[PDB]
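Input: a single structure, listed below in structure tokens.
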Number of protein chains: 2
Amino acid sequence: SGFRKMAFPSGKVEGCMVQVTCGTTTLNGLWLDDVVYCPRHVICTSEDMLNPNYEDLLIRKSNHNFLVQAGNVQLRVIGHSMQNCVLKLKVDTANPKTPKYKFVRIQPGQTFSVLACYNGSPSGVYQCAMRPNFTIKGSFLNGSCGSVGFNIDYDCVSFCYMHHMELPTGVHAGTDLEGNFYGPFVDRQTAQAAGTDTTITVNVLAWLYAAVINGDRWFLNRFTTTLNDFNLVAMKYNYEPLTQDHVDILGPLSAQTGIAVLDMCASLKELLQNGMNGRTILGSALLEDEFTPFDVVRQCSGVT
Amino acid sequence: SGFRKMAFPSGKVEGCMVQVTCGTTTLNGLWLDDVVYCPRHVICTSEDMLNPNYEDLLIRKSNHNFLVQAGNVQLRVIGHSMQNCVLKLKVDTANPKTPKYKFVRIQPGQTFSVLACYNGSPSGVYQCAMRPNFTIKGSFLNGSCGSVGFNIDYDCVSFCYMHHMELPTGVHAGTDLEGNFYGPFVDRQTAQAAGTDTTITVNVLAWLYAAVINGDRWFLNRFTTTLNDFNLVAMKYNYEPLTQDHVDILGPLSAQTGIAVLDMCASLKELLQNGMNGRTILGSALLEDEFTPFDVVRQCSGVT
Ligand SMILES: CN1CC[C@@H](C(=O)Nc2cncc3ccccc23)c2cc(Cl)ccc21
Ligand SMILES: CN1CC[C@@H](C(=O)Nc2cncc3ccccc23)c2cc(Cl)ccc21
């Protein structure tokens, strides 16, 4: 019993974190095999971030300008290349702690753990989600760039995010491990506003199923709805539309609780229309949307 | 920017987790040096939990009845002893991954990270606090016993909690690493109700300071209060009394923001009396109390 914002154990990812320095800029890198992945803005000064031409700025850098430090020992850089917004630094030593890994590009609504790092050293681990406007609501300070987001399936770490920047509104933007940003963001100090941060409906439904499994049942009502009727109310509340794919994804939770997906939708509709009335669900006064249906099943079953 | 429920990196603690089996019971153990620490109820059957005499039940167990498995390799048990509600199993091999460590007993209001484990394998990491009624609101399932709670100061892991049981209300109870339970709980399947779960006032004030540092300032008002006036309102809302020690602990946050501690108290008093009015603070519709003043400073400064 109990439902917590739980992150994956970070050990496998801590063993990959290195410090990358280029001139006066120091950020974090991810060392997998003989390659160190880091944001390409490590080659910039603060003045370059205004209008950086990364191809031109990179010409003025050689292998020896990139200082990679793993623990307190220096790694020899024997090659460097730019792939989209990340630099790949070929080092002469393969990471002895390289776990089994994949590079995946996640969809909005999908959650992942972040190991926030400073100077190649981990400071914390927390769970977050790719927002539908392709930002992440993380907890990052200066020097956090290069910190990664990941998921684990038994012994395979799927890296999905690398942190690049904080937008003027305090929200965060970054890339997958191929250097492609999530959303329309660019690695420049320029006016970039985020779109609407809608609520991930399928995740709220999953957390409502987690609440029923953990004994919070006050919000269960006598009603049902249809996907179209539900989506009319969801649109009005800046909630993502719910599809038959989402209903299918919620099937196992529907089976665990005996509560049909559309009945849970009607319950959610009444919570949107009536409010919580000062009550809480799983120790929260608002509807949580950063737990996917897979996260609820994993947490309630004990996947290790 | 951004404020998250952040847990310490779990790597150092994952390297200590082992599986302990006694007869038909399997739980987790913490392997530090040549000692494995685990809940003493590993020697019980489900029927023994009703009225267990641990000294008598332990007589019927020898070193070879305790099966310690680290990874997929068996550890040889060369000694066993009971210390309060934990068993200490002396093994013939010292944990090669033993980090620098301390065993500390924390006070209510203090927070710690939990690495939830099943069969000696980690499943997740989350942050929680020792409630003022000495329970913890964790996320634990059957077999989670022996999972530990800890804090890290650079390279030293201070172990403070070991999970033992879930109370009938879904809340959790456990011991420090000397086997002494937090609160009045006992390791028996018996009616044990928790006391009042009051809000940790000094932690709410710390999180209100975190909100001001991260740009959420709507709740800042034109008032001030005194410790006595504030505590009259705090008592009425089931909030812990605020002491001059708490005011002192909040000093660095008071300095960072330029907002006197008693001004923040007046702001908190108005939030208690008026409510949030549908607004949020750091993405929360309720006042968060599981971030200590030290956690806010650490997260906002980037301690690694
Ligand atoms: C102007 N600037 C600053 C350095 C770096 C940046 O955003 N770093 C940071 C990341 N996350 C939180 C922060 C919190 C305070 C300070 C920096 C933070 C960056 C990166 C890009 Cl791609 C563009 C601009 C830019
Ligand atoms: C009756 N019983 C069950 C096994 C064990 C116990 O509480 N285990 C569990 C711990 N945390 C969550 C759980 C969730 C579902 C099931 C067990 C859970 C235990 C331990 C003590 Cl000290 C006393 C009684 C008792």
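Structural remarks
- Gap separating the Cα centres of segment B:4-36 and segment A:196-235, nearest whole Å: 36 Å
- Two-site label geometry, A:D153 and B:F294: point separation in nm, points 7 Å out along Cα→Cβ: 4.0 nm
- Cut-off under 5 Å, modelled amide H: who pairs with A:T199 long-range: A:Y239, A:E240
- As a proxy for reagent exposure, ranking B:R4, B:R217 by other Cβ atoms within 10 Å from fewest up yields B:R217, B:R4.
- Distance in nm between pseudo-label sites at A:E178 and B:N274 (7 Å out along the Cβ direction from Cα): 5.0 nm
- Helix A:261-274 and the long axis of chain A differ in direction by around 90°, with both axes built from C-alpha atoms.
- Remark: A:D229, A:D289, B:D176 ranked as A:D229, B:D176, A:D289, counting other beta-carbon atoms within 10 Å and listing the fewest first.
- Scalar couplings 3J(HN,Hα) for segment A:121-126, obtained by applying the Karplus form with A = 6.51, B = -1.76, C = 1.60 to θ = phi - 60°, are 10, x, 10, x, 9, 8 Hz; x denotes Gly and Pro.
- 0 to 90° range, to nearest 10: angle between helix A:227-236 axis and chain A longest Cα axis: 60 degrees
- Links that overshoot a 29 Å alpha carbon limit, given the list A:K100/A:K137; A:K137/B:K137; A:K97/B:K100; A:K12/B:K61; A:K102/B:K102: A:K12/B:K61; A:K102/B:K102
- Label reach from B:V303 (point 7 Å along Cα→C-beta): in segment B:248-262, amide nitrogens under 20 Å belong to B:248-258.
- Note on B:123-136: average number of Cβ atoms from other chains within 10 Å of each residue's Cβ is 4.
- Positive-end residue of B:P122, B:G79, B:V42, charge dipole of segment B:1-148 with Cβ unit charges: B:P122
- Listed by Cβ neighbour count within 10 Å, with the fewest neighbours leading, B:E47, A:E288 appear as B:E47, A:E288.
- Calculated FRET value between A:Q74 and B:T93, using beta carbons and R₀ = 25 Å, to 0.05: 0.15
- Angle in degrees between helix A:201-213 and the longest Cα principal axis of chain A, rounded to the nearest 10: 60 degrees
- Computed FRET value (nearest 0.05) for A:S81 with B:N53, which takes r as the C-beta separation and R₀ as 56 Å: 0.25
- Placing a label point 7 Å from Cα along the Cα-to-Cβ axis, A:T190 is separated from the same position in the other copies by 7.1 nm, shortest listed first.
- Shielding by partners - mean other protein chain Cβ count within 10 Å, residues of B:298-304: 6
- Alpha-carbon centroids, segment B:118-191 and segment A:37-89: separation in whole Å: 44 Å
- Under 22 Å of direct C-alpha separation, and excluding same-chain neighbours fewer than eight residues apart, B:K269 reaches these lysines: B:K236.
- Whole-Hz Karplus values for segment B:146-151 come out as x, 5, 10, x, 7, 10 Hz, taken residue by residue from phi with 6.51 cos²θ - 1.76 cosθ + 1.60 and θ = phi - 60°; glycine and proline positions read x.
- If only the Cβ of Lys and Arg carry +1 and only the Cβ of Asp and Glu carry -1, the dipole of chain A around its Cα centre is close to 380 debye.
- Built amide H within the under 5 Å cut-off of A:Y182, gap 5+: A:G174, A:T175, A:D176
- Modelled spin-label separation between B:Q189 and A:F103, with each label point placed 7 Å from Cα along the Cα-to-Cβ direction: 5.2 nm.
- Peptide A:280-290, shielding by other chains (average Cβ, 10 Å cutoff): 2
FYI the Cβ positions are ideal-geometry reconstructions off the backbone, even for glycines, and counts take in every protein chain you see. FYI, it's all coordinate maths here, none of it is from the lab.
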